[PDB]
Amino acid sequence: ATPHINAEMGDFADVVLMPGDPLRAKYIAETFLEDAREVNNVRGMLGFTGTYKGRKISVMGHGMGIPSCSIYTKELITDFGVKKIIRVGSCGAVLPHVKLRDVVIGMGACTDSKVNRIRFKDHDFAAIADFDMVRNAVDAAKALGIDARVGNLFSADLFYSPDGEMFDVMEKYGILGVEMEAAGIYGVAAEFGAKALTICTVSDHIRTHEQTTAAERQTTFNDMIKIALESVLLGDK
């Protein structure tokens, strides 16, 4: 066990899906995994392990922010033999053409944080996902009849920013989705030699700040989970 995870080697699959909300990990295990069992509960960060079409899969929340998810992903990789981390969350949109419910894939992730500069001798480290994982996700989505956008995400330290001028900048440079973990998870994956990918569903459009129907929203979120789970199967081949 670690100070944040009360499990032992073997308790997690070598692939872990990670939502920000611990209650969403439980929701994913309940909805898509067969014979899922809770393998962690410290600080209430629920983790589960079960099978998806016979494949051993794990899903655990990572909390909000780079500092939070950096702790969990780091421990999964070094102490639980986890090779892949697939973040499945929500994000806000700044581009007029990026619509509510669009599925975004973060090939790269820009950031507000100083963590990668601390890692990269104060220079610019391009926080990127694992290419194969990106490709598997794109292909899985195509098979589901879904067209995911692949580009940059922006991982913020302040959900409530003081200088609202950053949104124009994000939009100017083509940022697809705004969230809070991608850049940190990619930094961890690179530092400890593992593979990661962040997929998000647009739950808010900053240009119009909205949400829309709930049934349709829940549908897209599930497609996103489906895309994540199906993508690991393509990777297995």
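When you see a residue number, it is the position in the sequence shown, counting from 1.
- Stretch comparison (51-59 versus 198-206) by mean CA B-factor in the PDB entry places 198-206 on top.
- Annotation for 83-91 versus 162-170: the higher mean temperature factor (C-alpha) is found in 162-170.
- Ranking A126, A148, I71, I77 by the C-alpha B-factor listed in the PDB entry places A148 at the top.
- Among all modelled residues in its chain, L23 ranks in the highest third by Cα B-factor.
- When the modelled residues of the chain are ordered by C-alpha B-factor, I227 sits in the middle third.
- When the modelled residues of the chain are ordered by C-alpha B-factor, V103 sits in the middle third.
- Sort the modelled residues of the chain by CA B factor and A182 lands in the lowest third.
- Remark: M45 belongs to the highest third of its chain, ranked by C-alpha B-factor as recorded.
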